[PDB]
Each structure stands twice: as C-alpha cells, then as structure tokens.
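Visitor: Okay, here's the structure, questions in a sec.
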Amino acid sequence: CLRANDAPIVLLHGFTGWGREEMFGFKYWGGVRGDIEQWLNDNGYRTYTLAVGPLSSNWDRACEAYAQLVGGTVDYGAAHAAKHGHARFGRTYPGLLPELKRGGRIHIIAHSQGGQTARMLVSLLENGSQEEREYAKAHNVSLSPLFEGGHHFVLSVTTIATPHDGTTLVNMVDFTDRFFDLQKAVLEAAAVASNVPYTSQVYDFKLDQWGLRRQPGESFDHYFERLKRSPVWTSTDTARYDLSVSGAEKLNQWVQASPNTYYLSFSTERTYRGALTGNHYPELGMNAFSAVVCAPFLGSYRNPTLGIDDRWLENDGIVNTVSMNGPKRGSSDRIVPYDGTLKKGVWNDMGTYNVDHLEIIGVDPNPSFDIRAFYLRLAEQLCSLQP
Ligand SMILES: [Ca+2]
Ligand SMILES: [Cl-]
Ligand code: NA
Ligand SMILES: [Zn+2]
C-alpha cells in the first residue's frame, strides 16, 4: 500500500457474532479458514474486532459500539430506554481506541447487519438524536455525547452481504424457528453443541439491557426457546425488525450517508436461475443450512405489496443480493459503480462476488474463494483512502 491515512480497521459482525475470547476462540471473522484480524495485523494493517449484541436493534448495537470504541458505560439514551422498556445503561468497556476522542479515525468493515449498525453509528455521531437531546432537557438527566451531534471519527464504512433494504427471509413461514436453527448451525460450525449447559458463557448475547442471560444449567436449545418469546425477538427494538424489508426502509429514512465518510459495498450471490419460471436455486457448495432451509424460499418468494419481484430472487443463502449494494428503499443515498477512484459521501459498489453469506467470512469453507486475498486487497484500498 501507498499509505494515505493511518486509521485502524474495525471488524463488526451481523446478527451472529461474538468476541475473540468467545466460542473457545473460533473466530467469526475467519471461521474455519483462520483469523482475518490476525492476517490484517500480520500484514501491517492495524485491526480490531467489535462484539455487540447479535439480536439487539441497530440502535442498541451502535450505542454499544460507541462505548466499546471510546471507552465507558453503554448508554442507550434515556428516551429510547423508557420508550421500549429496557435499561438505559449497558455494560462498561475500557475502550479500544480512546484517541477517537482527540482526532483519531477508523475504517469499519462490517458483515451482514453490521453494515446497518455502522451506518447508524456514523449518523448518530454526525447528527446525534434530537429526541434524546430534548428528553434530557425535559427530564433533567444526563446525555451521552453520542446524541449531541457534531462528532466525527469514521473515515470509511465497508459493508459485506449487508441487507440495506432488508431480506425477505424474515417473511418465511416459521422464520422464528428457522432463524434460531441458523444460530445453532453457526454454533455447530464452531464445534459447539446446542444441547449442553456449558458453565462458561461461550456465546454471550449481551442482553444486559433486557435482563436476559443464559442461566446455570441451561443449554442453548433451552435458552433460544426463551429468547424466541423475549422482547429481543418480539419488540420493534430488535435486529429482527431492522432486518425486515419494512424495518430496513424505516431505518433508511433517517440513517443517511455522511459527506465526511467513504462507503464501500460488497455484494454476494450463490444461486442460478432454473428454466421453469426464473426462480433462483442454491449452487453446489453453498453452506448446507442455507442451501436446504433458506435459499429455496429466497429464490422464489414474491410479494407485490412490498415490491418483491424478480430482482429480489438472486441471493447468498441469507440476503437478497439486490439489497446489498447500498440503501435504496426509503433512501436518498447515492450508489455509484466503482470506477477506480473511491468517492466520499456515496456508496462505492465494489461489485458482486460468487460467495455465500457464511463463506465470505470463512464460517463455511469454499476453496475456490481466496478469502485471505479478498480482505488483504480491501485493507490496501482503505489504507489508500484520502483523509
Ligand atoms: Ca461452501
Ligand atoms: Cl434471564
Ligand atoms: Na447474518
Ligand atoms: Zn433499545
């Protein structure tokens, strides 16, 4: 790289994901292929990993990301917490990069719903929250600096297989059961059983604000049955809602691109069209869970009420490919095909890759995908960005 900025890289997972000490060290970023953070660091690209609530709303996850980056106690905002009935304060972090408070900046590389979270964190840093500012005045409580506005420390957001317009998977019948089957499948990829009541946490869902935690003598099977019936699955303040086509559009209506930030999007597809009616079908090698449980629905579900037609049928096993190049539904962001120069304040569509939702992070194998070269080439591009 010809280095133009010194900003560290920050990895951010989707609606599954866990810290480097979790899952007995099986890495979400790298999976069965290795340790992407370690590869980037070993190649001279300083990289860190964020771990936030996988099932929690993008709002909560953005507040957690902020505290984890600059240090301190997660503050979800007094108004937000009162409106949805969960704790105002989350856990306390030492802070990965306190220098963000004095002028440092970062590149965020986000997978799946991580891309919504990274977008939202930028929006909150730039504009704050009018509602939280007003509520703090009215009720004489403190206000997180995150909601003040006029802050800036994200130089770029890169999203990979992100459902910026949602995924129609949420509309599948029995989505609740199949989604937590997906969680168990990822646990099994990590060689972690779902019917064993581990005494260590192994996979912390970080639901402190909701007061939820896997109990002593409780298996993931039993825990997920509880989670299904909990507010983190049944409220609007959830990843599940933000993942829907409707919820993603609502998010897009206020989370917009900042002129001070480069946005890069990577799309993923792992399907073919058949010759019967033009439906899409999983290619050989797509991870087994998606191939059997999710891809047939994704490549055949049409919904005229929500504008879900033939453009939505291509998919990566989890997300409709059309959803990934940037926010569109309810969004005024601009999306431009990458042309050799990356532009600020717009989505640079870096193209589509023939890699499925879990292969792109190495949680499922794909020997024809040079995952190491993919992330090293991305880090070079970010290293080259003009500050
Ligand atoms: Ca595969
Ligand atoms: Cl509990
Ligand atoms: Na995901
Ligand atoms: Zn919340």
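Every chain in the structure tokens has a letter given in the order shown (A, B, ...), and although residue numbers restart at 1 in each chain, ligands are simply numbered from 1 in the order shown.
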I want to know what sits within 7 Å of residue 89 in chain A, based on only C-alpha atoms, with residues of the same chain fewer than 3 positions away left out; could you give that as a compact mmCIF listing (two decimals) with N, CA, C and O atoms, in the first residue's frame?
Guide:
# COMPACT_ATOMS: atom_id res chain seq x y z
N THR A 73 -19.41 3.35 29.84
CA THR A 73 -20.61 2.56 30.03
C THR A 73 -21.57 2.80 28.87
O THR A 73 -21.86 3.95 28.54
N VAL A 74 -22.04 1.71 28.26
CA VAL A 74 -23.03 1.81 27.19
C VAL A 74 -24.21 2.62 27.68
O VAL A 74 -24.76 2.37 28.76
N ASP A 75 -24.60 3.62 26.88
CA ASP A 75 -25.73 4.49 27.21
C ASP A 75 -26.70 4.45 26.04
O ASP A 75 -26.43 5.04 24.99
N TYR A 76 -27.84 3.78 26.23
CA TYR A 76 -28.81 3.63 25.15
C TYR A 76 -29.69 4.86 24.96
O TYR A 76 -30.48 4.90 24.01
N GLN A 209 -29.37 -5.12 28.75
CA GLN A 209 -30.42 -4.12 28.80
C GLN A 209 -31.79 -4.77 28.97
O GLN A 209 -32.67 -4.21 29.64
Visitor: Excluding same-chain residues fewer than 6 positions from residue 28 in chain A, what lies within 12 Å of it counting only C-alpha atoms, as a PyMOL selection string?
Guide: chain A and resi 11-22+34-37+49-51+54+110-111+186-187+189-190+203+358-364
Visitor: Could you dump the residues just selected with N, CA and C atoms as an mmCIF file, in the first residue's frame?
Guide:
data_model
loop_
_atom_site.group_PDB
_atom_site.id
_atom_site.type_symbol
_atom_site.label_atom_id
_atom_site.label_comp_id
_atom_site.auth_asym_id
_atom_site.auth_seq_id
_atom_site.Cartn_x
_atom_site.Cartn_y
_atom_site.Cartn_z
ATOM 1 N N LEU A 11 -13.558 -4.493 12.714
ATOM 2 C CA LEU A 11 -14.482 -5.514 12.216
ATOM 3 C C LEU A 11 -15.774 -5.521 13.031
ATOM 4 N N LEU A 12 -16.903 -5.720 12.354
ATOM 5 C CA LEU A 12 -18.206 -5.648 13.014
ATOM 6 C C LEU A 12 -19.147 -6.680 12.407
ATOM 7 N N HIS A 13 -19.560 -7.655 13.222
ATOM 8 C CA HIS A 13 -20.387 -8.792 12.838
ATOM 9 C C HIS A 13 -21.850 -8.387 12.623
ATOM 10 N N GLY A 14 -22.662 -9.351 12.195
ATOM 11 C CA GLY A 14 -24.095 -9.200 11.921
ATOM 12 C C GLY A 14 -24.966 -9.756 13.032
ATOM 13 N N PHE A 15 -26.042 -10.443 12.650
ATOM 14 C CA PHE A 15 -26.948 -10.972 13.661
ATOM 15 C C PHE A 15 -26.491 -12.319 14.229
ATOM 16 N N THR A 16 -25.333 -12.816 13.808
ATOM 17 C CA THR A 16 -24.499 -13.682 14.627
ATOM 18 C C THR A 16 -23.138 -13.010 14.745
ATOM 19 N N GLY A 17 -22.383 -13.392 15.761
ATOM 20 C CA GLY A 17 -21.085 -12.786 16.002
ATOM 21 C C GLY A 17 -20.778 -12.726 17.487
ATOM 22 N N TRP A 18 -19.484 -12.776 17.803
ATOM 23 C CA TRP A 18 -19.004 -12.918 19.172
ATOM 24 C C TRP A 18 -17.555 -12.461 19.220
ATOM 25 N N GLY A 19 -17.085 -12.141 20.435
ATOM 26 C CA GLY A 19 -15.739 -11.635 20.622
ATOM 27 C C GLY A 19 -14.672 -12.708 20.439
ATOM 28 N N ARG A 20 -13.425 -12.247 20.388
ATOM 29 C CA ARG A 20 -12.308 -13.145 20.111
ATOM 30 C C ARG A 20 -12.090 -14.172 21.217
ATOM 31 N N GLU A 21 -12.483 -13.873 22.459
ATOM 32 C CA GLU A 21 -12.356 -14.841 23.549
ATOM 33 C C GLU A 21 -13.543 -15.787 23.638
ATOM 34 N N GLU A 22 -14.578 -15.569 22.825
ATOM 35 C CA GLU A 22 -15.799 -16.352 22.866
ATOM 36 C C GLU A 22 -15.681 -17.546 21.925
ATOM 37 N N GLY A 34 -9.356 -19.434 9.249
ATOM 38 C CA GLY A 34 -8.313 -18.778 10.017
ATOM 39 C C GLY A 34 -8.836 -17.530 10.703
ATOM 40 N N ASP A 35 -7.977 -16.526 10.858
ATOM 41 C CA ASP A 35 -8.211 -15.378 11.743
ATOM 42 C C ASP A 35 -7.966 -14.100 10.941
ATOM 43 N N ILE A 36 -9.034 -13.514 10.383
ATOM 44 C CA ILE A 36 -8.857 -12.387 9.471
ATOM 45 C C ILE A 36 -8.170 -11.215 10.170
ATOM 46 N N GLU A 37 -8.569 -10.914 11.413
ATOM 47 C CA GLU A 37 -7.905 -9.842 12.154
ATOM 48 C C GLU A 37 -6.405 -10.081 12.232
ATOM 49 N N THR A 49 -11.466 -5.854 16.651
ATOM 50 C CA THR A 49 -12.761 -6.501 16.465
ATOM 51 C C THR A 49 -13.772 -6.021 17.499
ATOM 52 N N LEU A 50 -14.943 -5.582 17.030
ATOM 53 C CA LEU A 50 -16.065 -5.249 17.913
ATOM 54 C C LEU A 50 -16.987 -6.448 18.097
ATOM 55 N N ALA A 51 -17.540 -6.580 19.299
ATOM 56 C CA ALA A 51 -18.562 -7.581 19.575
ATOM 57 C C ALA A 51 -19.718 -6.892 20.280
ATOM 58 N N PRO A 54 -25.867 -9.630 19.124
ATOM 59 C CA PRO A 54 -26.240 -10.098 17.776
ATOM 60 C C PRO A 54 -27.701 -9.875 17.442
ATOM 61 N N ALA A 110 -17.830 -4.197 7.927
ATOM 62 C CA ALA A 110 -18.979 -4.807 8.575
ATOM 63 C C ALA A 110 -19.575 -5.882 7.679
ATOM 64 N N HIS A 111 -20.065 -6.959 8.298
ATOM 65 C CA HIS A 111 -20.710 -8.064 7.599
ATOM 66 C C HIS A 111 -22.192 -8.088 7.943
ATOM 67 N N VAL A 186 -24.516 -22.183 13.148
ATOM 68 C CA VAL A 186 -23.265 -21.458 13.313
ATOM 69 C C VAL A 186 -22.508 -21.968 14.537
ATOM 70 N N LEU A 187 -23.217 -22.220 15.648
ATOM 71 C CA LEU A 187 -22.586 -22.877 16.790
ATOM 72 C C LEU A 187 -21.942 -24.202 16.372
ATOM 73 N N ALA A 189 -20.877 -25.058 13.383
ATOM 74 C CA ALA A 189 -19.676 -24.726 12.622
ATOM 75 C C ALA A 189 -18.510 -24.433 13.555
ATOM 76 N N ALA A 190 -18.793 -23.827 14.713
ATOM 77 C CA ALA A 190 -17.775 -23.588 15.725
ATOM 78 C C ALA A 190 -17.512 -24.806 16.602
ATOM 79 N N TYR A 203 -21.109 -18.089 24.232
ATOM 80 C CA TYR A 203 -21.701 -17.200 23.227
ATOM 81 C C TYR A 203 -22.636 -16.266 24.000
ATOM 82 N N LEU A 358 -22.052 -17.093 4.525
ATOM 83 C CA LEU A 358 -21.125 -17.552 5.557
ATOM 84 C C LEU A 358 -19.723 -17.812 5.025
ATOM 85 N N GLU A 359 -19.604 -18.161 3.736
ATOM 86 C CA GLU A 359 -18.296 -18.338 3.112
ATOM 87 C C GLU A 359 -17.484 -17.046 3.121
ATOM 88 N N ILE A 360 -18.147 -15.898 2.962
ATOM 89 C CA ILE A 360 -17.421 -14.645 2.815
ATOM 90 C C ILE A 360 -16.668 -14.291 4.096
ATOM 91 N N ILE A 361 -17.044 -14.859 5.243
ATOM 92 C CA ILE A 361 -16.307 -14.645 6.484
ATOM 93 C C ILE A 361 -15.602 -15.915 6.929
ATOM 94 N N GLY A 362 -15.656 -16.969 6.114
ATOM 95 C CA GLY A 362 -14.941 -18.188 6.409
ATOM 96 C C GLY A 362 -15.634 -19.125 7.363
ATOM 97 N N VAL A 363 -16.878 -18.839 7.748
ATOM 98 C CA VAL A 363 -17.564 -19.726 8.665
ATOM 99 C C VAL A 363 -17.982 -20.997 7.939
ATOM 100 N N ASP A 364 -18.110 -20.936 6.612
ATOM 101 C CA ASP A 364 -18.285 -22.119 5.786
ATOM 102 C C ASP A 364 -17.139 -22.194 4.783
#
Visitor: Within 7 Å of ligand 4, counting only C-alpha atoms and all ligand atoms, which protein or nucleic acid residues do you find, written as a list in words?
Guide: residues 57, 59, 60, 76, 80, 81, 84, 86 and 237 of chain A
Visitor: Grab me every residue within 10 Å of ligand 2, counting only C-alpha atoms and all ligand atoms, and send it over as a ChimeraX atom specification.
Guide: /A:207-208,210-215,223,226-227,230
Visitor: With DSSP run on the backbone, what are the strand (DSSP E or B) residues within range 88-223 of chain A? I'd like them as a ChimeraX atom specification.
Guide: /A:89-93,106-111,154-160
Visitor: Between A:105, A:91, A:235, A:329, which residue has the minimum interatomic distance to residue 9 in chain A, considering only C-alpha atoms?
Guide: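 Among the listed residues, the smallest separation from residue 9 in chain A belongs to A:105.
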Visitor: Each residue of range 183-276 of chain A with at least one atom at most 12 Å from range 308-322 of chain A should appear once, together with its nearest atom pair and the corresponding distance in Å (one decimal); atoms considered: only C-alpha atoms; ordering: chain, then increasing residue number; output as CSV.
Guide:
residue,atom,partner,partner_atom,distance
A:243,CA,A:319,CA,9.6
A:244,CA,A:319,CA,10.6
A:245,CA,A:308,CA,9.3
A:246,CA,A:308,CA,11.6
A:265,CA,A:321,CA,11.4
A:266,CA,A:321,CA,9.8
A:267,CA,A:321,CA,6.2
A:268,CA,A:316,CA,5.6
A:269,CA,A:316,CA,4.3
A:270,CA,A:316,CA,4.9
A:271,CA,A:314,CA,6.3
A:272,CA,A:314,CA,7.7
A:273,CA,A:314,CA,8.2
A:274,CA,A:313,CA,11.5
Visitor: Put those residues in a file: N, CA and C atoms, as an mmCIF file, in the first residue's frame.
Guide:
data_model
loop_
_atom_site.group_PDB
_atom_site.id
_atom_site.type_symbol
_atom_site.label_atom_id
_atom_site.label_comp_id
_atom_site.auth_asym_id
_atom_site.auth_seq_id
_atom_site.Cartn_x
_atom_site.Cartn_y
_atom_site.Cartn_z
ATOM 1 N N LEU A 243 -34.142 -6.096 10.282
ATOM 2 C CA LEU A 243 -33.771 -6.995 9.200
ATOM 3 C C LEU A 243 -34.872 -7.104 8.152
ATOM 4 N N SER A 244 -36.111 -6.842 8.544
ATOM 5 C CA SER A 244 -37.233 -6.957 7.630
ATOM 6 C C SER A 244 -37.140 -5.881 6.556
ATOM 7 N N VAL A 245 -37.811 -6.134 5.424
ATOM 8 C CA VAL A 245 -37.882 -5.124 4.366
ATOM 9 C C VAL A 245 -38.495 -3.836 4.907
ATOM 10 N N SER A 246 -39.570 -3.964 5.687
ATOM 11 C CA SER A 246 -40.255 -2.795 6.236
ATOM 12 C C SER A 246 -39.372 -2.070 7.240
ATOM 13 N N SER A 265 -19.521 -0.959 -0.655
ATOM 14 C CA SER A 265 -20.385 -2.118 -0.502
ATOM 15 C C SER A 265 -19.869 -3.271 -1.354
ATOM 16 N N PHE A 266 -19.896 -4.470 -0.772
ATOM 17 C CA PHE A 266 -19.586 -5.719 -1.453
ATOM 18 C C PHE A 266 -20.843 -6.571 -1.448
ATOM 19 N N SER A 267 -21.223 -7.076 -2.620
ATOM 20 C CA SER A 267 -22.391 -7.930 -2.751
ATOM 21 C C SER A 267 -21.965 -9.379 -2.961
ATOM 22 N N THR A 268 -22.874 -10.287 -2.607
ATOM 23 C CA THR A 268 -22.650 -11.724 -2.624
ATOM 24 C C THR A 268 -23.831 -12.424 -3.283
ATOM 25 N N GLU A 269 -23.540 -13.434 -4.104
ATOM 26 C CA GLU A 269 -24.585 -14.241 -4.722
ATOM 27 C C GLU A 269 -24.081 -15.667 -4.870
ATOM 28 N N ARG A 270 -24.996 -16.628 -4.728
ATOM 29 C CA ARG A 270 -24.595 -18.030 -4.745
ATOM 30 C C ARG A 270 -25.709 -18.894 -5.336
ATOM 31 N N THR A 271 -26.319 -18.431 -6.433
ATOM 32 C CA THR A 271 -27.511 -19.064 -6.992
ATOM 33 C C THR A 271 -27.415 -19.123 -8.511
ATOM 34 N N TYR A 272 -28.301 -19.933 -9.098
ATOM 35 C CA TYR A 272 -28.565 -19.971 -10.537
ATOM 36 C C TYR A 272 -30.068 -19.862 -10.759
ATOM 37 N N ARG A 273 -30.491 -19.361 -11.935
ATOM 38 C CA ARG A 273 -31.893 -19.493 -12.357
ATOM 39 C C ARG A 273 -32.180 -20.798 -13.071
ATOM 40 N N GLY A 274 -33.329 -21.381 -12.733
ATOM 41 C CA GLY A 274 -33.824 -22.537 -13.441
ATOM 42 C C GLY A 274 -34.562 -22.120 -14.692
#
Visitor: Using only C-alpha atoms, which protein or nucleic acid residues come within 9 Å of residue 3 in chain A? Drop anything in the same chain fewer than 5 positions from it, and give the result as a VMD selection string.
Guide: chain A and resid 380 382 to 385
Visitor: Restricted to N, CA, C and O atoms, what would the selected residues look like written as a PDB file, in the first residue's frame?
Guide:
ATOM      1  N   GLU A 380      -5.750  -2.816   1.677  1.00  0.00           N
ATOM      2  CA  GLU A 380      -4.937  -1.942   0.834  1.00  0.00           C
ATOM      3  C   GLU A 380      -5.741  -0.748   0.349  1.00  0.00           C
ATOM      4  O   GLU A 380      -5.277   0.396   0.423  1.00  0.00           O
ATOM      5  N   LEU A 382      -8.465   0.610   1.632  1.00  0.00           N
ATOM      6  CA  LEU A 382      -8.774   1.511   2.740  1.00  0.00           C
ATOM      7  C   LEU A 382      -7.536   2.291   3.176  1.00  0.00           C
ATOM      8  O   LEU A 382      -7.612   3.499   3.447  1.00  0.00           O
ATOM      9  N   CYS A 383      -6.388   1.606   3.252  1.00  0.00           N
ATOM     10  CA  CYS A 383      -5.113   2.253   3.545  1.00  0.00           C
ATOM     11  C   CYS A 383      -4.814   3.389   2.566  1.00  0.00           C
ATOM     12  O   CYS A 383      -4.195   4.389   2.944  1.00  0.00           O
ATOM     13  N   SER A 384      -5.284   3.277   1.324  1.00  0.00           N
ATOM     14  CA  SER A 384      -5.017   4.281   0.300  1.00  0.00           C
ATOM     15  C   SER A 384      -5.957   5.481   0.355  1.00  0.00           C
ATOM     16  O   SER A 384      -5.695   6.473  -0.335  1.00  0.00           O
ATOM     17  N   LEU A 385      -7.036   5.421   1.138  1.00  0.00           N
ATOM     18  CA  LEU A 385      -8.051   6.470   1.100  1.00  0.00           C
ATOM     19  C   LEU A 385      -7.482   7.812   1.547  1.00  0.00           C
ATOM     20  O   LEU A 385      -6.710   7.891   2.504  1.00  0.00           O
TER      21      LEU A 385
END
Visitor: Would you mind reading off the distance between CA of residue 254 in chain A and CA of residue 52 in chain A, one decimal, in Å?
Guide: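 So the two atoms, CA of residue 254 in chain A and CA of residue 52 in chain A, lie 21.7 Å apart.
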Visitor: Return the single residue from A:286, A:298, A:79, A:336 that is closest to residue 140 in chain A, with distances computed using only C-alpha atoms.
Guide: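 For residue 140 in chain A, the nearest of the given residues is A:79.
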Visitor: As a list in words, which residues of range 104-152 of chain A does DSSP assign to alpha helix (DSSP H)?
Guide: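 Selecting the alpha helix (DSSP H) positions of range 104-152 of chain A gives residues 114, 115, 116, 117, 118, 119, 120, 121, 122, 123, 124, 125, 126, 127, 130, 131, 132, 133, 134, 135, 136, 137, 138 and 139 of chain A.
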Visitor: Would you save the residues from that selection as a PDB file, in the first residue's frame, using N, CA and C atoms?
Guide:
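The resulting file, again27.pdb, is shown below:
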ATOM      1  N   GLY A 114     -24.240  -5.940  10.504  1.00  0.00           N
ATOM      2  CA  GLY A 114     -23.202  -4.991  10.897  1.00  0.00           C
ATOM      3  C   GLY A 114     -23.162  -3.746  10.020  1.00  0.00           C
ATOM      4  N   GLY A 115     -23.538  -3.879   8.744  1.00  0.00           N
ATOM      5  CA  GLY A 115     -23.495  -2.730   7.851  1.00  0.00           C
ATOM      6  C   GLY A 115     -24.547  -1.685   8.184  1.00  0.00           C
ATOM      7  N   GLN A 116     -25.724  -2.126   8.650  1.00  0.00           N
ATOM      8  CA  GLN A 116     -26.712  -1.170   9.152  1.00  0.00           C
ATOM      9  C   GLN A 116     -26.199  -0.473  10.397  1.00  0.00           C
ATOM     10  N   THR A 117     -25.605  -1.247  11.308  1.00  0.00           N
ATOM     11  CA  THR A 117     -25.089  -0.704  12.565  1.00  0.00           C
ATOM     12  C   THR A 117     -24.015   0.346  12.324  1.00  0.00           C
ATOM     13  N   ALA A 118     -23.089   0.070  11.400  1.00  0.00           N
ATOM     14  CA  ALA A 118     -22.016   1.022  11.122  1.00  0.00           C
ATOM     15  C   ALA A 118     -22.571   2.310  10.519  1.00  0.00           C
ATOM     16  N   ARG A 119     -23.481   2.180   9.542  1.00  0.00           N
ATOM     17  CA  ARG A 119     -24.196   3.340   9.005  1.00  0.00           C
ATOM     18  C   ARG A 119     -24.859   4.157  10.109  1.00  0.00           C
ATOM     19  N   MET A 120     -25.560   3.481  11.024  1.00  0.00           N
ATOM     20  CA  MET A 120     -26.278   4.197  12.076  1.00  0.00           C
ATOM     21  C   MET A 120     -25.319   4.907  13.035  1.00  0.00           C
ATOM     22  N   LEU A 121     -24.205   4.258  13.383  1.00  0.00           N
ATOM     23  CA  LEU A 121     -23.241   4.889  14.276  1.00  0.00           C
ATOM     24  C   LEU A 121     -22.720   6.185  13.672  1.00  0.00           C
ATOM     25  N   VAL A 122     -22.415   6.180  12.374  1.00  0.00           N
ATOM     26  CA  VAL A 122     -21.991   7.411  11.708  1.00  0.00           C
ATOM     27  C   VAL A 122     -23.083   8.471  11.808  1.00  0.00           C
ATOM     28  N   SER A 123     -24.332   8.079  11.535  1.00  0.00           N
ATOM     29  CA  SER A 123     -25.437   9.039  11.543  1.00  0.00           C
ATOM     30  C   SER A 123     -25.601   9.669  12.914  1.00  0.00           C
ATOM     31  N   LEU A 124     -25.504   8.848  13.964  1.00  0.00           N
ATOM     32  CA  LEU A 124     -25.596   9.357  15.326  1.00  0.00           C
ATOM     33  C   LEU A 124     -24.402  10.234  15.676  1.00  0.00           C
ATOM     34  N   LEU A 125     -23.191   9.842  15.270  1.00  0.00           N
ATOM     35  CA  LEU A 125     -22.037  10.695  15.548  1.00  0.00           C
ATOM     36  C   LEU A 125     -22.208  12.077  14.910  1.00  0.00           C
ATOM     37  N   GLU A 126     -22.660  12.110  13.658  1.00  0.00           N
ATOM     38  CA  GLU A 126     -22.766  13.366  12.915  1.00  0.00           C
ATOM     39  C   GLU A 126     -23.908  14.238  13.438  1.00  0.00           C
ATOM     40  N   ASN A 127     -25.088  13.655  13.629  1.00  0.00           N
ATOM     41  CA  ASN A 127     -26.277  14.437  13.927  1.00  0.00           C
ATOM     42  C   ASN A 127     -26.793  14.264  15.346  1.00  0.00           C
ATOM     43  N   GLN A 130     -32.049  14.280  18.084  1.00  0.00           N
ATOM     44  CA  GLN A 130     -32.909  15.365  18.545  1.00  0.00           C
ATOM     45  C   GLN A 130     -33.768  14.909  19.716  1.00  0.00           C
ATOM     46  N   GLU A 131     -34.389  13.737  19.577  1.00  0.00           N
ATOM     47  CA  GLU A 131     -35.262  13.217  20.623  1.00  0.00           C
ATOM     48  C   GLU A 131     -34.519  13.071  21.946  1.00  0.00           C
ATOM     49  N   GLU A 132     -33.316  12.488  21.920  1.00  0.00           N
ATOM     50  CA  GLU A 132     -32.584  12.309  23.173  1.00  0.00           C
ATOM     51  C   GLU A 132     -32.148  13.650  23.757  1.00  0.00           C
ATOM     52  N   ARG A 133     -31.740  14.596  22.904  1.00  0.00           N
ATOM     53  CA  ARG A 133     -31.369  15.919  23.406  1.00  0.00           C
ATOM     54  C   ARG A 133     -32.546  16.601  24.086  1.00  0.00           C
ATOM     55  N   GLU A 134     -33.732  16.499  23.495  1.00  0.00           N
ATOM     56  CA  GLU A 134     -34.911  17.126  24.078  1.00  0.00           C
ATOM     57  C   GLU A 134     -35.301  16.449  25.386  1.00  0.00           C
ATOM     58  N   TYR A 135     -35.316  15.116  25.392  1.00  0.00           N
ATOM     59  CA  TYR A 135     -35.712  14.371  26.582  1.00  0.00           C
ATOM     60  C   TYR A 135     -34.806  14.690  27.755  1.00  0.00           C
ATOM     61  N   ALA A 136     -33.503  14.833  27.498  1.00  0.00           N
ATOM     62  CA  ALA A 136     -32.570  15.093  28.588  1.00  0.00           C
ATOM     63  C   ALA A 136     -32.858  16.438  29.238  1.00  0.00           C
ATOM     64  N   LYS A 137     -33.151  17.453  28.420  1.00  0.00           N
ATOM     65  CA  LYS A 137     -33.591  18.747  28.940  1.00  0.00           C
ATOM     66  C   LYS A 137     -34.867  18.597  29.758  1.00  0.00           C
ATOM     67  N   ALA A 138     -35.888  17.971  29.171  1.00  0.00           N
ATOM     68  CA  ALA A 138     -37.196  17.910  29.814  1.00  0.00           C
ATOM     69  C   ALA A 138     -37.143  17.188  31.159  1.00  0.00           C
ATOM     70  N   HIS A 139     -36.387  16.092  31.254  1.00  0.00           N
ATOM     71  CA  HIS A 139     -36.397  15.264  32.453  1.00  0.00           C
ATOM     72  C   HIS A 139     -35.149  15.440  33.309  1.00  0.00           C
TER      73      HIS A 139
END
Visitor: Could you jot down the CA of residue 249 in chain A to CA of residue 262 in chain A separation for me, Å, one decimal place?
Guide: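 For CA of residue 249 in chain A relative to CA of residue 262 in chain A, the distance reads 21.4 Å.
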Visitor: Identify, on the basis of only C-alpha atoms, every residue whose closest approach to residue 156 in chain A does not exceed 8 Å; exclude the query and any residue fewer than 2 positions from it along the same chain; express the result as a ChimeraX atom specification.
Guide: /A:106-108,154,158,261-264,382
Visitor: So the first atom is CA of residue 276 in chain A and the second is CA of residue 299 in chain A; what is the distance between them in Å, to one decimal place?
Guide: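 Separation of CA of residue 276 in chain A and CA of residue 299 in chain A: 12.8 Å.
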Visitor: Quick one: of A:374, A:338, A:301, A:180, who's nearest to ligand 3, counting only C-alpha atoms and all ligand atoms?
Guide: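 Under the stated criterion, the closest residue is A:180.
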Visitor: Counting only C-alpha atoms and all ligand atoms, figure out which residue out of A:293, A:335, A:182, A:284 gets nearest to ligand 3.
Guide: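 Smallest separation from ligand 3 among the options: A:182.
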